[PDB]
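Below is one structure, written out as structure tokens, with a few remarks after it.
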Amino acid sequence: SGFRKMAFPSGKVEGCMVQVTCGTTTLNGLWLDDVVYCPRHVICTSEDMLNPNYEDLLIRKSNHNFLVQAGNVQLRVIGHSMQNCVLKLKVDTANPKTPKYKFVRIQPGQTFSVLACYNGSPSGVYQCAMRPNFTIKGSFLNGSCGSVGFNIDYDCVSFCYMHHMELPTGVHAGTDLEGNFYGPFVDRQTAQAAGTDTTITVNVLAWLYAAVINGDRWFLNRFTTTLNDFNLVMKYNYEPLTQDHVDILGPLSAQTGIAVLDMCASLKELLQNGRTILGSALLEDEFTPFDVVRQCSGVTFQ
Amino acid sequence: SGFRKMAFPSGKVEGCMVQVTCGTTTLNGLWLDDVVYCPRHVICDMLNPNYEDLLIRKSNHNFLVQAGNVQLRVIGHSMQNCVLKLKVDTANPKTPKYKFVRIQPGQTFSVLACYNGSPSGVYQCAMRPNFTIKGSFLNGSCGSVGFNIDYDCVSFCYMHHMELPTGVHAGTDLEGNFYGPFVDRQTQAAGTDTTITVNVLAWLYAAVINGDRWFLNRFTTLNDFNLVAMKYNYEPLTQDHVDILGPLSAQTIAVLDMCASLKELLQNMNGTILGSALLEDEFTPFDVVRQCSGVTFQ
Ligand SMILES: *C1=CC(=O)c2c(O)ccc(O)c2C1=O
């Protein structure tokens with residue numbers, strides 16, 4: 001029993017973290033096969049970040065201008081190319097610890113594990129969700145460039161995030177492993193602000209489904225709803241519910257017997273009046289239905 | 001910068017997880033050097049077992065140890081308290097620098113939940129004052145270990161054993177000594193638990209370092225506060241506690257300087273601190289320094 005924010009084992013990702021240094025800038029890189037991936041602003045300085053011409057700044061760099069270190073051993077850069085906001089450095093040696101991997105772009109509401117690193121060395125690992133405003137509520141200090149977010153299913157690591165910058169409000173922004181930013185953000189020093197954030201309904205519902213499997217049932221009512229009316233009643237800044245969403249909540253709905261619209265109506269009423277569910281006073285929205293099924297893996301009666 | 005419940009990198013521990021099978025019982029084991037550590041309940045099947053007789057009536061080939069496909073030949077077996085030690089033919093080449101440490105109530109560690117010798121996830125948790133853990137364990141997670149990483153040395157401090165009726169979990173250190181008055185026998189109940197004040201204070205320091213300061217005031221002392229703390233079930237604060245909070249006080253406000261702010265936060269909470277409305281008590285002072293200074297292991 002028990003329910004905790006569970007991150008994936010980070011060992012497979014640890015074997016790929018390297019240190020990338022260009023000029024006076026040093027950040028983390030992802031060593032997969034014979035290519036090292038790192039944010040492209042490593043070739044920048046503080047003065048260039050006010051209006052950087054990345055293509056022009058990269059032409060003025062050569063292969064040995066990039067120092068890639070895996071522990072103490074140095075990796076010779078034999079090629080460099082740029083893909084969106086990510087810099088790709090081809091090296092002479094293929095990483096022997098390279099796992100089976102994928103580059104995947106995730107959707108708002110999905111969760112993943114972040115391995116915070118500094119100087120190519122792991123500092124910690126934690127779970128977080130891609131917020132609807134395309135930001136992540138993580139924990140990052142200066143030098144966390146190149147720290148990656150990922151999911152591990154079977155023995156294949158699905159890389160889905162590379163950290164880049166901190167927004168004024170304290171949240172973090174980044175790209176996928178193809179260099180494309182999540183949201184309307186850019187890797188340049190300009191006035192940028194995260195848009196208004198919303199609560200992930202499907203994660204709150206899955207988390208409520210968790211609580212039921214898990215002892216807490218005080219919040220259930222004998223009320224149902226439809227799709228539109230509940231999505232309209234969101235005034236409380238809750239993400240609208242979709243048909244694919246109720247199809248993902250299907251397995252949890254069957255295991256418990258409560259339907260999605262039955263819990264949608266129950267969720268309404270924790271909103272109208274809002275003591276602790278699963279030990280927390282706030283409604284948690286960073287637990288996907290898959291996370292609940294993974295930890296609350298019980299039989300479904302049919 | 002942000003503050004999250006941060007677990008240690010589990011790579012060094014993943015390389016030590018193995019599967020131990022005895023008869024029909026299967027759990028997880030810790031492969032360090034040429035010894036595999038696992039709960040002695042693998043040798044069962046029993047509600048009140050005499051482990052000493054059950055182990056003498058067992059031989060080396062009665063234990064099936066698997067790392068991946070690879071079978072580890074058991075060339076010796078011994079028992080220390082509630083932990084079983086299995087000598088194997090091959091020393092683990094992935095053995096990291098390690099230490100066996102018994103932690104104290106209130107200290108935190110990372111749990112690598114495993115099933116059938118394969119690591120499933122990692123999460124942080126604290127040793128509650130009642131010597132229990134509020135973790136997440138399913139059937140087959142027996143033998144999963146808790147640990148701390150300092151420099152390149154892994155400090156193993158917990159081995160999961162059982163789930164108590166209230167849903168909370170109990171286990172031993174790596175020497176087989178249970179945490180609390182629990183035994184690997186069928187009935188035991190966790191005693192009354194309290195909140196770890198020194199962790200609540202350190203967590204308040206973390207909020208301060210991160211921008212959240214709405215709760216700070218300009219003034220109380222030890223006696224007064226633990227008078228206010230005993231009723232909210234906050235574990236009493238000691239002088240060693242404020243000396244550990246010293247480094248955080250210098251980096252930033254003193255302990256009692258913040259103690260009054262906590263008194264007021266207990267007395268009456270209208271917002272969330274660090275994004276949570278509840279007072280978090282699973283962050284030790286070292287945990288805050290680790291997350292705000294960006295300490296890297298290895
Ligand atoms: C799994 C592991 C274990 O160690 C244990 C134990 O020590 C006593 C009773 C039970 O049921 C278990 C168990 O299921």
Side-chain angles (χ1 to χ4, degrees), chain A residues 1-10 12-13 104 106-115 125-132 136-138 149-154 156-161 198-216 238-239 241-242 244-256 258 260 263 267 277-280 282-300, chain B residues 4-7 10 110-115 118-125 134-141 144 167 275-276:
Chain A
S1 267
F3 200 85
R4 298 216 73 128
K5 278 278 188 21
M6 196 146 322
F8 288 110
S10 61
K12 279 190 204 45
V13 176
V104 161
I106 53 131
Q107 267 99 47
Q110 296 182 252
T111 55
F112 55 95
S113 304
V114 166
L115 178 70
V125 54
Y126 54 89
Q127 267 262 323
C128 73
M130 178 63 69
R131 312 293 319 168
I136 81 170
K137 287 183 210 177
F150 63 98
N151 283 282
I152 315 168
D153 203 89
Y154 312 120
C156 163
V157 170
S158 299
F159 294 97
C160 72
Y161 178 84
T198 37
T199 313
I200 303 127
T201 324
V202 295
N203 294 356
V204 176
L205 294 175
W207 183 69
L208 288 178
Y209 269 109
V212 168
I213 306 162
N214 221 96
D216 305 17
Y238 271 58
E239 256 304 322
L241 207 84
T242 288
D244 197 48
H245 281 165
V246 327
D247 206 29
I248 286 137
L249 286 161
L252 280 180
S253 170
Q255 181 181 324
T256 39
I258 306 100
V260 302
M263 190 97 47
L267 186 43
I277 313 187
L278 268 193
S280 81
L282 289 83
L283 293 174
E284 292 281 346
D285 70 333
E286 298 224 1
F287 275 111
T288 69
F290 177 53
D291 302 338
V292 159
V293 154
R294 181 155 105 113
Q295 280 182 68
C296 311
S297 100
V299 299
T300 295
Chain B
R4 265 221 200 273
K5 190 65 68 33
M6 194 154 311
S10 50
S110 281
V111 170
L112 186 66
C114 298
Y115 299 90
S118 207
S120 168
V122 54
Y123 57 90
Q124 193 86 345
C125 68
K134 286 150 124 169
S136 196
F137 293 112
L138 296 172
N139 186 38
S141 62
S144 294
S276 326

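Reminder, nothing fancy here: chain letters follow the sequence lines and each chain counts from 1.
- The minimum heavy-atom distance between A:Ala7 and A:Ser113, with the atom names listed, is CA-OG, 3.4 Å.
- With A:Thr198 contributing its side chain and A:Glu239 its backbone, the two residues share no donor-acceptor pair below 3.5 Å.
- The salt bridge (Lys or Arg N to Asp or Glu O under 4.0 Å) search around A:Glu284 returns A:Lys5, not counting sequence neighbours.
- Listed by chain and number, the residues in a side chain to side chain donor-acceptor pair (under 3.5 Å) with A:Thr201 amount to none (sequence neighbours excluded).
- Side-chain contact between A:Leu205 and A:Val260 is absent, with no heavy atoms from C-beta onward closer than 4.5 Å.
- Taking CZ of A:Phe3 as the start and CG of A:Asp216 as the end, the distance is 11.5 Å to the nearest 0.5 Å.
- Residues that satisfy the side chain to side chain contact (heavy atoms under 4.5 Å, CB included) test with A:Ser297, not counting sequence neighbours, are B:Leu138.
- With contacts defined as side-chain heavy-atom distances shorter than 4.5 Å, the pair A:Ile277/A:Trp207 qualifies.
- Remark: A:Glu286 engages A:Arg131, B:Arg4 in a side chain to side chain donor-acceptor pair (under 3.5 Å) (not counting sequence neighbours).
- With sequence neighbours excluded, no residue satisfies ring-ring contact (aromatic ring centres under 6.0 Å, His included) with A:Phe150.
- In this structure the side chain of A:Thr288 never reaches within 4.5 angstrom of the side chain of A:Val202, judged on heavy atoms.
- A:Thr111 meets the side chain to side chain donor-acceptor pair (under 3.5 Å) test with A:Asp291; sequence neighbours excluded.
- Looking at A:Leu282 and B:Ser276, their side chains never come closer than 4.5 Å, going by heavy atoms from C-beta outward.
- Across every non-hydrogen atom of A:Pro108 and A:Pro132, the tightest pair is CB-CA, 4.0 Å.
- Residues that satisfy the side chain to side chain donor-acceptor pair (under 3.5 Å) test with B:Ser141, not counting sequence neighbours, are absent from this structure.
- Nearest heavy atoms, A:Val292 versus A:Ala210: CG2-CB, 3.7 Å.
- Put simply, CE on A:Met130 and CD1 on A:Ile106 are 4.0 Å apart, with the number rounded to the nearest 0.5 Å.
- A:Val299 has its side chain out of reach of A:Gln255: every pair of non-hydrogen atoms, C-beta onward, lies at least 4.5 Å apart.
- Among residues two or more places apart in sequence or in another chain, the side chain to side chain contact (heavy atoms under 4.5 Å, CB included) test is passed with B:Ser118 by none.
- Atoms CZ and CD1, on A:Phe287 and A:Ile200 in that order, are 12.0 Å from each other to the nearest 0.5 Å.
- A heavy-atom distance below 4.5 Å is not found between the side chains of A:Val13 and A:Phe8.
- Scored by the side chain to side chain contact (heavy atoms under 4.5 Å, CB included) test, A:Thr256 finds A:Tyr209, A:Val212, A:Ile213, A:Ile258 as partners (sequence neighbours excluded).
- Here the closest heavy-atom approach between residue A:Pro289 and residue A:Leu249 is recorded as CG-CD2, 4.1 Å.
- Expressed to the nearest 0.5 Å, how far OG of B:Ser120 lies from CD1 of A:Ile152 amounts to 10.0 Å.
- For A:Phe112, the ring-ring contact (aromatic ring centres under 6.0 Å, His included) partners two or more places apart in sequence, or in a different chain, are A:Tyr161.
- A distance of 8.5 Å separates CZ in A:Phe290 from CG in A:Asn151, rounded to the nearest 0.5 Å.
- When all heavy atoms are compared, the tightest approach of B:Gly167 to A:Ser1 is O-CB, 4.2 Å.
- In terms of the side chain to side chain contact (heavy atoms under 4.5 Å, CB included) criterion, residue partners of A:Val293 (sequence neighbours excluded) are, by chain and number, A:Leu252.
- Minimum interatomic distance between B:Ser136 and A:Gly2 (heavy atoms only, all atoms of both residues): OG-O, 3.0 Å.
- A heavy-atom distance below 4.5 Å is not found between the side chains of A:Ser10 and B:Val122.
- A:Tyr126 meets the ring-ring contact (aromatic ring centres under 6.0 Å, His included) test with no other residue; sequence neighbours excluded.
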